[PDB]
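Dropping in the first section of the assembly, placed as in the complex:
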Amino acid sequence: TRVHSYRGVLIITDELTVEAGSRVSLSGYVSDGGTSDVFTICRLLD
């Protein structure tokens, strides 16, 4: 009788996954003119 044993290595298996997300943000409004240069009263003529 021997009963003699052996020894191995520590083998482990795992599944890893990292995830993320996305969101789009928008801000708009109906045009009521716009930032202009030389905002002055005018007198058009044809």
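That came in fine, so what should we check first? Numbering: from 1, shown residues only, chains lettered A, B, ... in the order given.

Of all residues in chain A, which one is nearest the centre?
residue A:22 (4.2 Å; Cα atoms, centre = their mean).

Ramachandran angles for residue A:37?
For residue A:37, the backbone dihedrals (degrees, to the nearest 10) come out as phi -100, psi 140.

ok, now how distant is it from residue A:43?
Distance, residue A:37 to residue A:43, using Cβ to Cβ, to the nearest Å: 19 Å. To be clear about C-beta, it is placed using only N, CA and C from the backbone, and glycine gets the same treatment.

Then residue A:33?
Going from residue A:33 to residue A:43 by Cβ to Cβ gives 19 Å.

Also residue A:21?
56 Å.

what's the answer for residue A:18, then?
From residue A:18 over to residue A:43 the distance is 66 Å, taken as Cβ to Cβ.

can you slot in chain B too:
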Amino acid sequence: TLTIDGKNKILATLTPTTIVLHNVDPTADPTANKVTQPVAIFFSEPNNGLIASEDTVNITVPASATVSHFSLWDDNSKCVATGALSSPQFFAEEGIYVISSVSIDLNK
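If we add chain B to the chains shown above, we get the following:
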């Protein structure tokens, strides 16, 4: 969590260039039922995992048209993103819809 450096690098290839407004939600088909014409939108450099519009965008919507949802495009006609504006707007007479800020972000 994901890395901000990774989040910055990943977002550097999106590069949306044109914006198009739709009256209906374009999620099912962002290639259909368009309202306006493609108008150029220029984005900033990726920072803190969030790109933002550089300058304001004015989209000339024709008369008797409604805009409720928006969509972005790239150079090779590939709809990178879709979304919905704040509220529907009906332009009775020919008007302009101005985009104040578009901020595509991935930081959850």
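
ok, the residue nearest to the centre of chain A - contacts?
B:81, B:104, B:105, B:106 (Cβ atoms under 8 Å, 6 or more residues apart in numbering or on different chains).

Look up the closest residue to the closest residue to chain B within chain A, ignoring the ones flanking it.
Closest contact between chain A and chain B, by Cβ to the nearest Cβ, is at residue A:31 (3.7 Å). Distances taken as Cβ to Cβ, 6 or more residues apart in numbering or on different chains place residue B:96 nearest to residue A:31, at 3.7 Å, with adjacent residues excluded.

next one: residue B:16
Counting by Cβ to Cβ, 6+ apart, the residue nearest residue B:16 is residue B:72, at 3.9 Å.
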